[PDB]
Amino acid sequence: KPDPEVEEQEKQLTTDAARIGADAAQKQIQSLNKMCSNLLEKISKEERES
Amino acid sequence: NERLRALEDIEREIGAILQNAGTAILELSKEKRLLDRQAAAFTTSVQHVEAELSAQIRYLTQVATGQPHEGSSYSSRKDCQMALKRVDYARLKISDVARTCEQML
């Protein structure tokens, strides 16, 4: 009934939505991952159509 | 003999290449990309195994109810054991004769 993990998760989500870093995040890595995911989705759609 | 071992090595290499292609596809589509397209070919490699399955499906299947290759043909093996035993007996007799000759001196 202590629920310390719930409080830690709430604090991590409420401080900066990540609890570590505000402007030094992985936004560029996230964009690269999104581009890679779009390319993989296009390749998978082509493979399915083939 | 030759063809059976060749087909076995071919199936083993096919399985190894399928596992390697799956690992490469996982490593590529996991994190970072046009090379991921070749990852789809990995799935095609899986289809190759299916063909091998078909190759195993429409294989010989001589009886499919019993075991083929009747007889171990080890009669030749038994004959070879007898030949080696005769060679050992001859070696023993020769050693006895040699001991007798050395004692004669």
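Here the structure is shown first, and the text comes after it.
Cut-offs applied
- Residues numbered from 1 in each chain as written, not as in the entry; some residues may be left out.
- Chains lettered and ligands numbered in written order.
- Part of a larger assembly, values for the part shown.
- Heavy atoms only, no water.
- Residues with missing side-chain atoms left out of burial classes, pairs and counts.
- Helix = DSSP H or I, 4+ residues; strand = E, 2+ residues; numbered from the N terminus.
- Contact = heavy atoms within 4.5 Å.
- Nonpolar A, V, L, I, M, F, W, Y, C, P; charged D, E, K, R; others polar.

Q: Residue-level account of the overall build of chain B, with values.
A: For chain B, the count of helices and strands is three helices and zero strands. What you see in chain B, going N to C, is helices and strands ordered as α-α-α. Seen through its C-alpha atoms, chain B measures out along the principal axes to roughly 90 × 40 × 20 Å.

Q: Break down the overall build of chain A for me, citing the residues and quoting the values.
A: When its secondary structure is counted, chain A shows two helices and zero strands. Along the first, second and third principal axes, the C-alpha set of chain A runs to 55 × 30 × 10 Å.

Q: If you had to explain the interface of chain A and chain B to someone new, which residues and values would you point to?
A: On the chain B side, the residues contacting the five residues of chain A number four residues. When grouped by side-chain class, the residues that make up the side of chain A that touches chain B number four nonpolar, no polar and one charged.

Q: Describe unusual backbone geometry, naming the residues involved and giving the relevant values.
A: Trans peptide bonds make up the majority, and among non-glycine residues the majority have a negative phi. All names here are of chain A. Phi angles above zero are rare outside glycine, and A17 is one such case at about 70°. Note on placement: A17 falls in the loop between helix 1 (4-15) and helix 2 (27-49). You will see that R19, though not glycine, has its phi angle at about 70°, which is positive. With respect to the helices, strands and loops of the structure, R19 is situated in the loop between helix 1 and helix 2.

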